[PDB]
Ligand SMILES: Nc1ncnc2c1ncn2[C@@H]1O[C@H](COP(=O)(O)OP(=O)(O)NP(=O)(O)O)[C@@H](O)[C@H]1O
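As a starting point, one isolated chain is supplied in structure tokens, in the form solved without this ligand.
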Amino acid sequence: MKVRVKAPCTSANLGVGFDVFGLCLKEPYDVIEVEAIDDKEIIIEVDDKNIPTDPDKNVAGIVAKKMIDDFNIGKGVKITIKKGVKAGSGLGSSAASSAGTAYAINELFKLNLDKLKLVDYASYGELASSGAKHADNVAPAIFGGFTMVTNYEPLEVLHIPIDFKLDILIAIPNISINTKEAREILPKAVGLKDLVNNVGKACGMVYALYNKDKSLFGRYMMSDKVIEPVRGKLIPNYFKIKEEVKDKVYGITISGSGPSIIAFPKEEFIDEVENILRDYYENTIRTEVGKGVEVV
């Protein structure tokens, strides 16, 4: 009685969509196995030893218990986790485990819950663990494609399938940013003009997706002046890299809280951009939009 799942990384904010937008990646991902066991206990194992194994501290254990309790499940579970990427990289690492666990529990115990509810449960875990739902990483991990968290409580998620091709390049710097550090960078207030600018550009990106227009999507994506200029200072060579790939990408910005960089290379310069990225960051991967947590 077990289930094995692939839970993908995700890239949130996407420039002008801070705390709303989320794009699901195909790679990297967490591989998670959940096994029903007879004694009413929650046991966790993770291939990354610094990660707590205490079911009350590990986001995966926190999600399992809440679901086990809510659905008055008899069994306990053994959760085995192979991490795709370290937390603090801006790639929704913790969200992958939260989403992956909610989705795996739903499968193993036949709960038949719809996706929005799985996002809710996964978010319960992120909240308990870090003080915030991080629904904008959890939603794309569960739905796949592009998502928008358009109300935080009650939680509402709008999903926009991405059916055209969208190559993605991810540069992963060897530094980290935890949830506390991410908030420190945030501006205290925003000028009316910036709100207007961001609302307009963010809405234009939605229009761009429905019109399959990658240039428009990427161009508007690079317009934020509220957060990006400050968040970008935290990433070595970010602005310089942005300048150097300028005409070879549809768009490039910071992934989530950073420090990872996400770029959408034009088809003709994909290897060149990958190479340029590698020259600054050895840990660079090539992916595409993902379909969300899937049974493997």
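A residue's number is simply how far along the shown sequence it sits, counting from 1.
There is another form of the same protein, the form deposited with this ligand bound; it is not shown, and what comes next is about it.
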My question is simply whether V63 lines the interface with this ligand in the deposited bound form - judged by any non-hydrogen atom within 4.5 Å.
no
Using a 4.5 Å heavy atom cut-off, state whether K57 contacts this ligand in the deposited bound form.
yes
Do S93 and this ligand share at least one heavy atom pair within 4.5 Å in the deposited bound form?
yes
Can you check whether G88 is within 4.5 Å of this ligand in the deposited bound form, heavy atom basis?
yes
Complete contact of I162, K201 and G251 with this ligand in the deposited bound form (any heavy atom, 4.5 Å):
no
Scan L169, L209, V157, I81 and let me know which has any heavy atom within 4.5 Å of this ligand in the deposited bound form.
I81
Residues in which of 266-274, 35-43, 49-57, 63-71 have heavy atoms within 4.5 Å of this ligand in the deposited bound form?
49-57
Stretch 255-291: residues contacting this ligand in the deposited bound form, 4.5 Å heavy atom cut-off
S257
